[PDB]
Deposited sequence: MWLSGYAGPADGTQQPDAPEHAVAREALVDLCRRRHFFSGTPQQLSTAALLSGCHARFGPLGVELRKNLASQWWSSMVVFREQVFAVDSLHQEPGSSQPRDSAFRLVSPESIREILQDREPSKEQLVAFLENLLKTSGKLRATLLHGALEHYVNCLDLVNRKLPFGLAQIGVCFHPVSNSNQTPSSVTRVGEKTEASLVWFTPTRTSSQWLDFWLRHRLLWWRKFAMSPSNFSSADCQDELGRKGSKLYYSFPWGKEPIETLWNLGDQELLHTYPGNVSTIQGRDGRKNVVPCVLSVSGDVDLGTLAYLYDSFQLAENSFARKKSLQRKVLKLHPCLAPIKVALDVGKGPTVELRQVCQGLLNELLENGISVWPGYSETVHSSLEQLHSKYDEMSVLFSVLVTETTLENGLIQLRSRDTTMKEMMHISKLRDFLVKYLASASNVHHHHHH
C-alpha cells in the first residue's frame, strides 16, 4: 500500500498505529519524514510562485500561531496555560473553593488560544498591506502556516490567500480563483479528473465553493473558497470605516473578502496518492531530481568526478541524492526500483568510461530509458527538462 510504501521511503513518519486514514487526516503526529518534507516544500513553492509571484497585487503575510483569546463559548481552540502559575496556586497558600472556580474561569477569560485558520492573521495585516498598494483594490494576502484543529490537537499546514475585492464582480473573481485553483491543482496532477469543484453555502448563507480530491476512501476538501463579504473584516475593525475602505476606480468601497484556503499537508497526501513501484510526482514536485552513484572502481577516482559533478548540480539549484557515499552495494535493478519509489527524476551512473570520454548513463524515471550523455551536457539537459515542465 502507499501508506506503507511512503513509510519505507521516508515520505511518512510515525508508529504503525499513526499511519492510519483517521490519523493521517488528523495531523496529531509528524506524518512526513525527510523526503516527505521536501515534497511538501515543493508544493509550498509551487503554490507561492503561482499565487504570489505571478499574480498581480499579492503579498506575503506571516502571523502568530497563537491568538488573543476570548471568553465567548462555542469555540474549541486549545488554550495555553502557564505551568508555573498552575503550580503557584496549588503549592503556595491553599486557596479557597471560590479561588479555584475563578482560576478555571481565568483559563478561558484571558488565556491565549492556538489559531485554527490563517484568515485572522491576514485581517490584522489588511491595514498595513492596504498602505502597500496605496489603498488600491483589488489585492490579496497569502500565507503558508500551521493551523491547529481539535480532534487531542491536530496540526494542519494551510496555504491561504485572502483576496480583497470590491463588492461588484466578487462572484466573477470567485470564479476566477475557482478556475485558477482548479487549474493549479490539476497542473501537476496525473489524474486531473480527481480534483473537483462543488458549490457550497456558508451557515450564514454566504456563497462559496470547495475543491475536493477523490481519495480512495472519499473526496476530501483539500481547498475551500468562501465569499466572506465584509462581516469578517468589519469584525476585526469596528467603529471607524475610513481605514477599511479601499480606493476603487470611482468611490471608496469596503472590499468583500474572498477566502481562498487550501491544505498542503492534505494536498501532499493527494499528490502522494495521485502519483501512485514508482511515484510519478510532477517534475516540479519530486523532492529528489538526480541520483549520483559510482559504478565500479577506481572508487577514489570516480568519487572525485561525482563530487565535482554533485557540486555543479547543487550550484544550479538541482537537488541530488549522493548515493555514492554508501559503502553497501546492490544490483543495478535494485537501485532502479529503490529510486523510482523515491520519486527520483533521473539516475546518473559514473563508471570507468566517464574517465575515458565523459559519457555517463542517464536513466529517466518516467520512460525507463537510459541515455548516454556527456558530463558537460548533463547539467544543460537537467535544467532544460525542469524548465519545460514548469511552463
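Colleague: So which bits of the deposited chain never got modelled?
Modeller: Going by the record, the segments left unmodelled (no C-alpha atoms) fall at 1 to 26, 178 to 188, 314 to 328, 444 to 450.
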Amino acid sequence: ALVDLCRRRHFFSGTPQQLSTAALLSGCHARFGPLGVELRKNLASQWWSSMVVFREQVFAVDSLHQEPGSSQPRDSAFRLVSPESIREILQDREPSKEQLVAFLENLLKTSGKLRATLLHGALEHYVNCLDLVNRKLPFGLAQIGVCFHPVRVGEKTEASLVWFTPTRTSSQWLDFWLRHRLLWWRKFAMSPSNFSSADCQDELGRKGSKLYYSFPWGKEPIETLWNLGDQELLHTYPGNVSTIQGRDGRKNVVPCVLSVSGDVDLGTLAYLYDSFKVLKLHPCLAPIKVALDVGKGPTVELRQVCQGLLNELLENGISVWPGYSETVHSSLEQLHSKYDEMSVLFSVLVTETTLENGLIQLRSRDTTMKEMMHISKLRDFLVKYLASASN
From here on, numbers count along this sequence of modelled residues.
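If you superpose the two forms and keep the largest set of C-alpha atoms that fall within 1.5 Å, you have the rigid core.
Colleague: Between 234 to 242 and 302 to 310, which has its CA atoms farther from the current form in 4 other deposited structures of this protein, using a rigid core superposition?
Modeller: If we average over structures and residues in 4 other deposited structures of this protein, the farther stretch is 234 to 242.
Colleague: What stretch shows more C-alpha movement in 4 other deposited structures of this protein relative to this form, 77 to 85 or 267 to 275, after the core is superposed?
Modeller: More C-alpha displacement in 4 other deposited structures of this protein shows up in 77 to 85.
Colleague: I want to check something about residue 93: across the other compared entries that model its neighbours, is it left unbuilt in at least a third?
Modeller: That residue is missing from at least a third of the other compared entries.
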